[PDB]
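Below, in structure tokens: the form deposited without its partner chain, a single chain.
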């Protein structure tokens, strides 16, 4: 399968770098930006400046309309870069000019090419202000029309997970990590050939529900790590509605070389048990030789 991750605007730029830093395999990275400076800080092999004539590489100035026009100017280039993709992830923060405006255009392009297209976006922090919140609402509803499934991460909820003393700067940094965890949760079960690699066809069916999608993450160590992580993931503040209200649940459990089948099954039980009896649920596992004693459980819940 040909899997592409497109980061769009600053928010997406940081998520993509974060995936590359964490050596996420089996995917092609495309950084898309209107801001030449930020784009030059991208680690992606493909760097695509959009709206060069409109913006002159200066960014979209917080205007979603400029980001939209910028992607339309470059739509032929966008089509070309996406050609042959079976799945694409369009990742962006909502609220500013480029992510809000170009991500829907880039998502629709990917959708019209026949790719299974998943959007993974952040809803901005309340502290970012009303203008960002309003523009983010517009982007989110525009994104919904343009993707097969839209995972929305509420940044405010990150504030409930990190320490009360966390500086704003590290709050943003953690938002970059949650976005990345969103994409990798799904992509690792598909792109990288794992022991219980679920078929693209059943992923296609989970990822084709209407309504919105949400995510939960759980991390635990040592004795009882699988159970602790799964319970943390299904009760994650990131997961705004209860997981029982979802048709289709994807579960990714990742651990070091010491991850046992018993662990995978235990985690999967808790998640299946926390869901509706009639849920379409798939789960996979992945081995990360960089993790020692920690286990990560990622849950994606669709069709709320």
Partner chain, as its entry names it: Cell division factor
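Positions refer to the first chain, counted from 1. Shifts are known only where both forms have a C-alpha. Only the largest set of C-alpha atoms that superpose within 1.5 Å between the two forms is called the rigid core.
Peer 1: May I ask you to compare 143 to 151 and 216 to 224 by their mean CA B factor in the entry and name the higher one?
Peer 2: According to the entry, 216 to 224 carries the higher average C-alpha B-factor.
Peer 1: Per the entry, where is the mean C-alpha temperature factor higher: 193 to 201 or 230 to 238?
Peer 2: Between 230 to 238 and 193 to 201, it is 193 to 201 that shows the higher mean C-alpha B-factor.
Peer 1: Out of 30, 54, 36, 246, which one has a C-alpha B factor higher than all the others in the entry?
Peer 2: Among 30, 54, 36, 246, the PDB entry lists the largest C-alpha B-factor for 246.
Peer 1: In terms of recorded Cα temperature factor, pick the maximum from 252, 260, 49, 40.
Peer 2: Checking the PDB record, the top C-alpha B-factor among 252, 260, 49, 40 is at 260.
Peer 1: Residue 176's Cα B-factor: lowest, middle or highest third of the chain?
Peer 2: It belongs to the lowest third of the chain when residues are ordered by C-alpha B-factor.
Peer 1: Would the CA B-factor of residue 62 place it in the lowest, middle or highest third of its chain?
Peer 2: Residue 62: CA B-factor falls in the lowest third of its chain.
Peer 1: By the recorded C-alpha temperature factor, relative to the other modelled residues in its chain, which third is residue 123 in?
Peer 2: Within its chain, residue 123 is a lowest-third residue by C-alpha B-factor, going by the deposited values.
Peer 1: Tell me, lowest, middle or highest third: where does the Cα B factor of residue 96 rank within its chain?
Peer 2: Bottom third by C-alpha B-factor.
Peer 1: Going by what the PDB entry lists, where does residue 15 fall on CA B-factor within its chain: lowest, middle or highest third?
Peer 2: Lowest third - that is where residue 15 ends up once the chain's C-alpha B-factors are sorted.
Separately, the form solved in complex with its partner chain exists; it is not shown, and the next lines address it.
Peer 1: Looking at heavy atoms inside 4.5 Å, which stretch does its partner chain contact in the bound PDB entry, given the options 110 to 118, 74 to 82, 226 to 234, 192 to 200?
Peer 2: In the other structure, the partner sits against 192 to 200.
Peer 1: Applying a 4.5 Å heavy atom distance criterion, does residue 24 contact its partner chain in the bound PDB entry?
Peer 2: No.
Peer 1: Counting only non-hydrogen atoms and a 4.5 angstroms cut-off, does residue 66 reach its partner chain in the bound PDB entry?
Peer 2: Taking the distances in the bound PDB entry, the answer for residue 66 is no, it never comes within 4.5 Å of its partner chain.
Peer 1: With the partner left out of view, is residue 243 within 4.5 angstroms of its partner chain in the bound PDB entry by any non-hydrogen atom?
Peer 2: Residue 243: no, not in contact with its partner chain in the bound PDB entry.
Peer 1: So in the bound PDB entry, does any heavy atom of residue 291 sit within 4.5 Å of its partner chain?
Peer 2: No, residue 291 sits far enough from its partner chain in the bound PDB entry that none of its heavy atoms falls within 4.5 Å.
Peer 1: With the partner absent here, would 260, 269 and 287 each sit within 4.5 Å of its partner chain in the bound PDB entry, counting heavy atoms only?
Peer 2: All of them do, each having a heavy atom within 4.5 Å of the partner.
Peer 1: Okay, core lined up, where does the chain shift between this form and the one not shown, counting runs of 3 or more residues with each Cα at least 2 Å away?
Peer 2: The run that moves is 198 to 201, and no other.
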